[PDB]
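One chain comes next, on its own, written as structure tokens: the form deposited in one PDB entry.
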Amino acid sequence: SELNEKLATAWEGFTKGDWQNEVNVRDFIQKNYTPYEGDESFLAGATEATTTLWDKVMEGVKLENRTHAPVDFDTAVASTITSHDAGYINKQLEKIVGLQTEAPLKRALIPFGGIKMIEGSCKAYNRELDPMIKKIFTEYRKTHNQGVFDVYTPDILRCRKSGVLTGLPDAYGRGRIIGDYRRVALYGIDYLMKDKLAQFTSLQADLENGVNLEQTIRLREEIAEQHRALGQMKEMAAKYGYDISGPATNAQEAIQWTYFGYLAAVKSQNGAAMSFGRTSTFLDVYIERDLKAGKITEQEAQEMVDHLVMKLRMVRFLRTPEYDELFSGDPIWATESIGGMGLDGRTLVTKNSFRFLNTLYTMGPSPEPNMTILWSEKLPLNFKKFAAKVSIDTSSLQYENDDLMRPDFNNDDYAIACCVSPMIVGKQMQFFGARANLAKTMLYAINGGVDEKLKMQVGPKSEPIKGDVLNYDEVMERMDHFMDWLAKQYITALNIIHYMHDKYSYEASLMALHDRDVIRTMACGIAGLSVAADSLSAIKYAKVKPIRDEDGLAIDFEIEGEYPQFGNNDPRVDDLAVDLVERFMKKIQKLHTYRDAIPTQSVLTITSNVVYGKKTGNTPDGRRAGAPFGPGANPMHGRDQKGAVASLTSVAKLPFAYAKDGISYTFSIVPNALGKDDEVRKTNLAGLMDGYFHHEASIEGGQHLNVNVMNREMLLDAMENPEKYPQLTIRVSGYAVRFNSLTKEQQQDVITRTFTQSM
């Protein structure tokens, strides 16, 4: 029972546990992390090197926002883990190193997903794609894109064109995968390759015995690619002069090793969301040891965390203008899950929790990393306040219900991927599915499947409603039959998509940091919940007159009589939204899926609320054609007028039990609505979230909360004078973005949203 001399030395001082004999990051954390209930008084400030480096990087960020385009990007190199040479901002000042390419902010080419998108980007930003790269990825190496469109049905193609099913991961990396990068810091590459070889070998029997033949062969090949990827991780780090074959011996190496794990991912896959995971607490274990041993000062600790978070502020991907409108603001979703409570009762909050939030002060506000606080009523009051303070000062944080998710998973080591989709680190991933247009599904029910904007048969050919006034019973009967159809097309599209993504763009380096068998879910999204819900409320509580055209196609409606709206704590309308979520979830649930991915749902839109709303005509709720839907599960623009408590209670009523993939809610409130001074504001904000996230056996509670503390006038001033608010950040749909990174139309969406004036 003699532990490898490398392991024993690096792990000097660490408490014993199963984690020393097998891969178990959760156990290591449990046996070693030091819970912290104190306040922010220990926090240090930015060093000269940190500011020098960040300011230099801000110069490129300003250029990006100004030109709404990449600073620079590859034109002739196919990116892989080992493709690029080491790149630095300033080699002499960086405590933590690693960039995607050889230059800061220079975007790369990830061709495995598709060559057409690369061409489109090259055309849009005025650059020329190397002819050789093009030839390779059209004639030799088949891409994810081409595989999907070779199998797609003309039905799906129609839904893609009309705006019923658009923006699905058929033209960009699927993402939604979080490799446990902490594994690299803990065990070192070598130990992980030896573990993978074991996993590979454990499948030999089943193979020789014909047990699930094709599934076995596939898994063996995937594990083989995972093994090869881990080796390239070493080669990559080696370019920076590092040897990560063995475990991290100190704090700087734990941070560096963990980042190197992530760096490999963002160098090989261009997923929509490339999240970081739950690492702040984990890294604290190494920082604490170094402080206690007097090998690192508190300021040097911040500097390290700063340089890491700074790299996370520098992750970039070459995207198309089409992608830019579906996912606005140049988002990365390098999500970090901070805090939370353990299963045993103690808080997972640590000094590093504060250090991470402190990056907002040391380097100013920033959209990335997407810092998420795993909220719990049992959290140390000290942390609850500091978190709120940071939200008040920067509007860069988001909150998710730990009291709900922890018990559900019965695990204290789960992380948030992208915006609100939870997963147990290294043991579970998602099959990203974007979102479907539920609003348009209603209009299709009323119009017999013909697109109210394109006048073409998209949905199944059925007779449109002949009525003179809309009847709730009649309309819903069709809405159901159309939702069945929407569910089938949506699942079929995702099945094709993920079959092709596993084939042409298997995320080898991320799956290499996962267990042998990973739990998979078929994440389906719903867009325009409120538009659909309110439209139903205007038919069961008022008089709607369908203004038809020379074919009987309802292109507009007349409204007489005040009708209920989602976001006012009124059960009559709120009960309809909760019903819709349930209906769709029960529908997709009965369909067969690729790799048996358990279908889940999410009320999330991103900037699809703008794109879909743009392609959707006049709706029964009074919304005009071309107008944006509400971001995520939000009530339609301005409709929630009974203050915070009211709008928070409506969104909390939404069943997370039917939307396991998440329920996004962007909440904006004026400084004065929270109090007269900061102390009152912090206390009240924390109190709001305590009431919102309040979990009990008969009360589920809210799942997500974006917090913006600002005034509409400040943003109006930001639109006129961009150069005055360089680091201004806002929560927009489950993630953050610099205000100056949005287009005039995307900003228009923001400013016209609900700004809570009271409580």
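Numbers follow the displayed sequence, beginning with 1. In this text, rigid core is short for the largest set of C-alphas that superpose within 1.5 Å between two forms.
As for the form deposited in another entry, it is not shown, yet the points below apply to it.
Asker: To test your reading of the superposition: with the rigid core aligned, which of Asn352, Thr607, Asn447, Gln269 moves its Cα by 2 angstroms or more between this form and the one not shown?
Answerer: If I go through the list carefully, the shifting residue is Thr607.
Asker: After the core is matched up, is the C-alpha of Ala334 off by 2 Å or more between this form and the one not shown?
Answerer: No, its C-alpha moves less than 2 Å.
Asker: If the two forms are fitted on the core, does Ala493 show a Cα displacement reaching 2 angstroms between this form and the one not shown?
Answerer: The answer is no, as the C-alpha of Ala493 shifts between this form and the one not shown by less than 2 Å after core alignment.
Asker: Any CA movement of 2 Å or more for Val420 between this form and the one not shown, core superposed?
Answerer: It does, since the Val420 C-alpha is displaced 2 Å or more between this form and the one not shown after the core fit.
Asker: Closer or farther: the C-alpha atoms of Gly329 and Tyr490 in that other deposited form, versus the form shown, with a change of 3 angstroms or more?
Answerer: Residues converge in that other deposited form, at least 3 Å closer.
Asker: Look at the CA atoms of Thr600 and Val420: state whether they lie closer or farther apart in that other deposited form than in this form, given a difference of 3 Å or more.
Answerer: Compared with the shown chain, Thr600-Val420 is closer in that other deposited form.
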